[PDB]
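Visitor:
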Amino acid sequence: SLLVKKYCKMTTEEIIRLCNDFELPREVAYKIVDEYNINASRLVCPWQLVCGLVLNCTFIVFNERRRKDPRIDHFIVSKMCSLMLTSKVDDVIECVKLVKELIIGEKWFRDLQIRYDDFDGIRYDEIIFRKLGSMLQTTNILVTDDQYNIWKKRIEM
DNA sequence: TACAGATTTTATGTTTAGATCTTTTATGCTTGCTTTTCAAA
């Protein structure tokens, strides 16, 4: 598996072509390249770092269609194990959980979360009522209005 | 004015909460030396 081999050396072309497999814009891929170039000589398994960075970027870039459809979350992680030569899925989840704490406090990741409105999966208007202890926050019991509208369109079609 | 009772004043004892200083002991930095896994060939 690609998550096991150590001390690999990579080119910029491999990183920028692996970034375009998941449909990322140019500046996000450039920030992924720069985050790799900062920690170039102080790295053990670069494939894990690149995999988890392109993951944590493509949940943020594709959060709204993940809210539209949940199985895309099972589609991006299925595309990753079909490229990283890894049989199981839990290694990729532990990989992204491990690389998440390395970029959490940085300015570019904060600006990405601001610009694409991810904030660990929910809007600012929802997270400011969840942290305040507002009981009037939207609970995860009923479906959303857009989901009800597209379901009613599916019924009428 | 006048005296009985209530309250204040002054004085001392009892117990608790806490400060300050002193002494002995733990701990952390410094320097030198030796062990032991780690990225590279």
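Just so we're aligned, residue 271 is where the first sequence starts under PDB author numbering, counting upward by one. For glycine and all other residues, C-beta sits at the position ideal for the given N, C-alpha and C.
Looking at C-beta atoms only, is the number of pairs between the segment 309-316 and the segment 332-347 that lie closer than 8 Å three or more?
Guide: In short, these stretches do not touch, since the Cβ pair count stays below three.
Visitor: According to DSSP, is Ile308 helix, strand or coil?
Guide: Residue state, collapsed to three classes: helix.
Visitor: Counting Cβ pairs closer than 8 Å, one from the segment 330-338 and one from the segment 381-389, do we hit at least three?
Guide: With a cut-off of 8 Å, the segment 381-389 and the segment 330-338 count as touching, because enough Cβ pairs lie within range.
Visitor: How many angstroms separate the CA atom of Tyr300 from the CA atom of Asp339?
Guide: In a straight line, the C-alpha of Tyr300 is about 28 Å away from that of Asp339.
Visitor: Buried or exposed for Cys278, please, with buried defined as at least 16 other CB atoms from any protein chain shown within 10 angstroms of its CB.
Guide: Classification of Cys278: exposed, given that the 10 Å Cβ count is below 16.
Visitor: Express the C-alpha separation of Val274 and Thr409 in angstroms, rounding to a whole number.
Guide: Roughly 41 Å separates the two Cα atoms.
Visitor: In terms of alpha-carbon separation, which member of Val314, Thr414, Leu323 and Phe292 lies closest to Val303?
Guide: Selected option, being the one with the closest Cα: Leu323.
Visitor: When the Cα of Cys289 is compared with those of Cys365, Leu272 and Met350, which residue comes out closest?
Guide: Selected option, being the one with the closest Cα: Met350.
Visitor: If distances are taken between C-alpha atoms only, which option among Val366, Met354, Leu355 and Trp317 comes closest to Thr328?
Guide: If we check each option's Cα against that of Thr328, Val366 comes out closest.
Visitor: Quick one, which of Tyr394, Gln417, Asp416 and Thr356 has its alpha-carbon nearest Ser271's?
Guide: Taking only the C-alpha atoms, the option nearest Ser271 is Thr356.
Visitor: Contact check, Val298 vs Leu382 under 8 Å by CB: the rounded distance?
Guide: Indeed, because the Cβ distance is near 7 Å, the residues count as touching under 8 Å.
Visitor: Which ranges does the alpha helix (DSSP H) cover as unbroken runs of at least 4 residues, wholly within the segment 372-422, from first to last along the chain?
Guide: 377-385 and 394-401, all fully within the segment 372-422.
Visitor: Taking 8 Å as the threshold (C-beta atoms), are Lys370 and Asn326 in contact?
Guide: Yes, they are a contact pair.
Visitor: Excluding sequence positions up to five away, which residues of its chain have a Cβ less than 8 Å from the Cβ of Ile392?
Guide: Same-chain partners within the cutoff: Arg400.
Visitor: Between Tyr394 and the rest of its own chain, which residues show a CB-CB distance below 8 Å, the 5 nearest in sequence each way excluded?
Guide: Answer for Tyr394: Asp387, listed in chain order.
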